[PDB]
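Working notes, beginning with the structure itself.
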Amino acid sequence: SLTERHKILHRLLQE
Amino acid sequence: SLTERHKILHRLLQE
Amino acid sequence: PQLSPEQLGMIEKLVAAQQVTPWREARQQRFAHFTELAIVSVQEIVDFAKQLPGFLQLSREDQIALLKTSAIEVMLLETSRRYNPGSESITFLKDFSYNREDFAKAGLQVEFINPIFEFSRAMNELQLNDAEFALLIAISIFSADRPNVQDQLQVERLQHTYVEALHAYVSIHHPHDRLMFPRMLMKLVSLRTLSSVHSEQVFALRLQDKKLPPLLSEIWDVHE
Amino acid sequence: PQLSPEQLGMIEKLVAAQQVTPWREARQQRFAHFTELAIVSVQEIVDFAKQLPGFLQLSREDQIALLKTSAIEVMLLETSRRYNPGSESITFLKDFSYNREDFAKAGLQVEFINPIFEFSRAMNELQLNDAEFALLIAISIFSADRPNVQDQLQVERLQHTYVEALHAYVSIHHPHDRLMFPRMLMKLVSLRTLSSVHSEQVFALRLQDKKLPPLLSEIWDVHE
Ligand SMILES: CC(C)(C)OC(=O)c1c(COc2ccc(-c3ccc(CC(=O)O)cc3)cc2)ccc(C(F)(F)F)c1O
Ligand SMILES: CC(C)(C)OC(=O)c1c(COc2ccc(-c3ccc(CC(=O)O)cc3)cc2)ccc(C(F)(F)F)c1O
């Protein structure tokens, strides 16, 4: 998935 | 110029 | 925006302005019949542009700059115009229909084919008529932001007269749906992405043993 | 198009939503300070998107697809917002201004720099305010045609509410110039071309000895 390939972006989105 | 590099297109435009 | 006499006649003229061989040597012939259709299309696009008010008043050089980069976009608009949502195929020249698989066998790669077909599907939902098509083609042709355009200002001013004419048209065609006019313009956004997916296509042909014919090479191959 | 209570408040909220090291080892440090500004910008764009009505209701996956490809376009819009036509330079973070030459020394190539500055100049002629900026950013973020977007329909429907809000806004801002609303949208066309000139940029860095920092690499490097 994109999510598994975009960890930093994911983590920014979760805060 | 573009004109010197696009002979066929130029020739189509002239007819 | 009420449509003016001057816009009426301009639109009518554009619509009126818009009115080859058989089908692994089989492989290089299939490619050839496809590139021949494009060559035909280039001629049609030139003829069409010559009829566009303002076009021949630009320097020949600027006319080349405009056609050089708009040709593929006009080709893609013409592709989406002949899309059939039943068979997911493209009907070029009355008889010969082409699906994703036919395109593949014509030498094009998947990473170009899918975006072509997505765009066509999305475009077919808008159900454009001829007047809307002609105008989008005209707007696409007169983009001031193409590489090597000299008279950006004149190219821009010209584009806006077509943009206005579209606005006023769509207002008669869709009087209850004010979103239709912007939705059509938002397709020119998508059209630019497609234009460079086509660049990746041209470049990939270089890497395989596949040469574009003279005219197409002239507009699409980067020569250095 | 009259602006509605619901659009008024939506626009106001967007505008409110928008309210690091020193400057041939010198060469790799200059590059680093520039990429650090982008990293900061990515954070700002995420924060901004999180505030966009509809955004967090899309699947996380779709939110990644949207930000992944819109980030550079938002960055370029933010670039053109801080353009000064006197000095032909870009004022990032109050103090530090950057011209074409500064960009070059920051590691970027000419073939990206000139189109960035042309776009900024062309954009500065339109004299957009915050409300117009925020909306263009929002429209850019919600493009349904980005690679790997699942709920195209929802992404599209969302985009159109921002497109409408812009239309109605520009109608109060420019009540005598009906061309302003389409001219602004026509900048998203140009924005797509810029987005791929940026692809050619990312690829060229690979060829030299220049690695993007973690976040930027994650959104911009193609990994296979
Ligand atoms: C646009 C499309 C995606 C279909 O084709 C290409 O881009 C493309 C093609 C063939 O192009 C065509 C094919 C067909 C027509 C066409 C359009 C309208 C009419 C009028 C009517 O039907 O009445 C008739 C024919 C235009 C362009 C070849 C090679 C490459 C190569 F990649 F090899 F460069 C290509 O990219
Ligand atoms: C967008 C631009 C063309 C300028 O930069 C790039 O594309 C780019 C960059 C640096 O990016 C930045 C630079 C600065 C800002 C920025 C924007 C708004 C504010 C808010 C404020 O000022 O208050 C603050 C900073 C955003 C992106 C590096 C590397 C590559 C690389 F090519 F190396 F990938 C790049 O492409």
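The way I read the labels, and the way they are meant: chains A, B, ... in the order of the structure tokens, residue 1 as the first residue of every chain, and ligand 1 as the first ligand shown, with later ones counted on from there.
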
Could you list, with a cut-off of 7 Å and counting only C-alpha atoms, the residues of chain D near chain C, each shown with its nearest atom pair and the distance in Å rounded to one decimal, rows sorted by chain and ascending number, as a tab-separated table?
```
residue	atom	partner	partner_atom	distance
D:145	CA	C:190	CA	6.9
D:188	CA	C:189	CA	6.2
D:189	CA	C:189	CA	4.2
D:190	CA	C:145	CA	6.9
D:192	CA	C:192	CA	6.2
D:193	CA	C:192	CA	6.2
```

File dump, residues just selected, C-alpha atoms, as a PDB file, in the first residue's frame:
```pdb
ATOM      1  CA  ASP D 145      -6.851  12.200 -11.079  1.00  0.00           C
ATOM      2  CA  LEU D 188      -3.595  24.566 -12.164  1.00  0.00           C
ATOM      3  CA  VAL D 189      -2.903  23.492 -15.713  1.00  0.00           C
ATOM      4  CA  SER D 190       0.580  25.141 -15.595  1.00  0.00           C
ATOM      5  CA  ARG D 192       0.873  20.153 -13.563  1.00  0.00           C
ATOM      6  CA  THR D 193       3.618  20.856 -16.065  1.00  0.00           C
TER       7      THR D 193
END
```

Proximal residues of chain D relative to chain A (only C-alpha atoms; 12 Å) as an MDAnalysis selection string: chainID D and resid 39:40 42:51 55:56 59:68 71 147:150 213:224

Selection above as a file: C-alpha atoms, as a compact mmCIF listing (two decimals), in the first residue's frame:
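Okay, this is what ended up in out36.txt:
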```
# COMPACT_ATOMS: atom_id res chain seq x y z
CA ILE D 39 10.47 19.53 4.96
CA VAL D 40 8.95 22.32 7.05
CA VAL D 42 5.43 19.40 3.99
CA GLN D 43 4.47 19.64 7.69
CA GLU D 44 2.53 22.82 7.05
CA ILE D 45 0.70 21.25 4.07
CA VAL D 46 -0.30 18.21 6.22
CA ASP D 47 -1.58 20.45 9.00
CA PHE D 48 -3.42 22.51 6.40
CA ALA D 49 -5.00 19.43 4.77
CA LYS D 50 -6.13 18.03 8.11
CA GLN D 51 -8.24 21.19 8.47
CA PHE D 55 -10.08 15.42 4.03
CA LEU D 56 -9.81 13.21 7.19
CA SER D 59 -9.20 6.74 3.93
CA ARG D 60 -5.69 7.44 5.22
CA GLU D 61 -4.41 5.73 2.02
CA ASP D 62 -6.27 8.34 -0.09
CA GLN D 63 -4.99 11.15 2.07
CA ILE D 64 -1.43 9.88 1.32
CA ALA D 65 -2.14 9.63 -2.41
CA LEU D 66 -3.36 13.24 -2.39
CA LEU D 67 -0.56 14.85 -0.36
CA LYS D 68 2.14 12.73 -2.05
CA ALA D 71 2.84 18.73 -2.03
CA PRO D 147 -2.13 8.13 -9.14
CA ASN D 148 -3.66 5.48 -6.77
CA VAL D 149 -6.74 7.48 -5.56
CA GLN D 150 -9.56 5.07 -4.60
CA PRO D 213 16.49 13.89 3.02
CA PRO D 214 14.14 11.13 4.43
CA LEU D 215 10.70 12.81 4.16
CA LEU D 216 11.33 14.37 0.77
CA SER D 217 12.73 11.13 -0.55
CA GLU D 218 9.65 9.37 0.69
CA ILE D 219 7.26 11.65 -1.26
CA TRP D 220 9.42 12.28 -4.36
CA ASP D 221 11.84 9.44 -5.05
CA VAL D 222 10.44 6.64 -7.22
CA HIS D 223 11.59 3.42 -5.49
CA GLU D 224 10.49 0.41 -7.68
```

Using only C-alpha atoms and all ligand atoms, what does the table of chain D residues within 9 Å of ligand 2 look like, with each row giving the shortest atom pair and its distance in Å to one decimal, sorted by chain and ascending number, as a tab-separated table?
```
residue	atom	partner	partner_atom_place_in_ligand_line	distance
D:31	CA	ligand 2	29 (C)	7.1
D:32	CA	ligand 2	28 (C)	8.1
D:33	CA	ligand 2	28 (C)	8.4
D:34	CA	ligand 2	10 (C)	4.8
D:35	CA	ligand 2	28 (C)	4.1
D:36	CA	ligand 2	10 (C)	7.4
D:37	CA	ligand 2	14 (C)	4.5
D:38	CA	ligand 2	27 (C)	3.6
D:39	CA	ligand 2	27 (C)	7.3
D:40	CA	ligand 2	25 (C)	6.8
D:41	CA	ligand 2	26 (C)	5.1
D:42	CA	ligand 2	26 (C)	7.8
D:44	CA	ligand 2	20 (C)	8.3
D:71	CA	ligand 2	27 (C)	8.9
D:72	CA	ligand 2	7 (O)	6.1
D:73	CA	ligand 2	1 (C)	7.8
D:74	CA	ligand 2	1 (C)	8.0
D:75	CA	ligand 2	1 (C)	4.5
D:76	CA	ligand 2	1 (C)	4.6
D:77	CA	ligand 2	1 (C)	7.9
D:78	CA	ligand 2	18 (C)	5.2
D:79	CA	ligand 2	4 (C)	5.5
D:80	CA	ligand 2	4 (C)	8.8
D:81	CA	ligand 2	18 (C)	8.7
D:82	CA	ligand 2	22 (O)	7.1
D:90	CA	ligand 2	4 (C)	8.2
D:91	CA	ligand 2	22 (O)	6.3
D:92	CA	ligand 2	22 (O)	3.3
D:93	CA	ligand 2	22 (O)	3.7
D:94	CA	ligand 2	23 (O)	6.5
D:95	CA	ligand 2	22 (O)	8.9
D:96	CA	ligand 2	22 (O)	8.5
D:103	CA	ligand 2	4 (C)	8.0
D:106	CA	ligand 2	28 (C)	7.8
D:107	CA	ligand 2	33 (F)	6.7
D:108	CA	ligand 2	32 (F)	5.6
D:109	CA	ligand 2	32 (F)	8.1
D:112	CA	ligand 2	3 (C)	7.9
D:113	CA	ligand 2	3 (C)	7.3
D:116	CA	ligand 2	3 (C)	6.2
D:117	CA	ligand 2	3 (C)	8.9
D:195	CA	ligand 2	7 (O)	8.8
D:198	CA	ligand 2	36 (O)	5.9
D:199	CA	ligand 2	32 (F)	8.4
D:200	CA	ligand 2	32 (F)	9.0
D:201	CA	ligand 2	32 (F)	5.4
D:202	CA	ligand 2	34 (F)	5.3
D:203	CA	ligand 2	32 (F)	8.9
D:204	CA	ligand 2	32 (F)	8.7
D:205	CA	ligand 2	33 (F)	7.1
D:210	CA	ligand 2	33 (F)	8.3
D:211	CA	ligand 2	33 (F)	8.3
D:212	CA	ligand 2	33 (F)	6.4
D:216	CA	ligand 2	34 (F)	7.2
D:217	CA	ligand 2	34 (F)	8.3
D:220	CA	ligand 2	34 (F)	7.4
D:221	CA	ligand 2	34 (F)	8.9
```

As a VMD selection string, please: every residue in range 13-177 of chain D that DSSP puts in alpha helix (DSSP H). chain D and resid 13 to 17 25 to 51 60 to 81 100 to 105 110 to 125 130 to 141 152 to 173
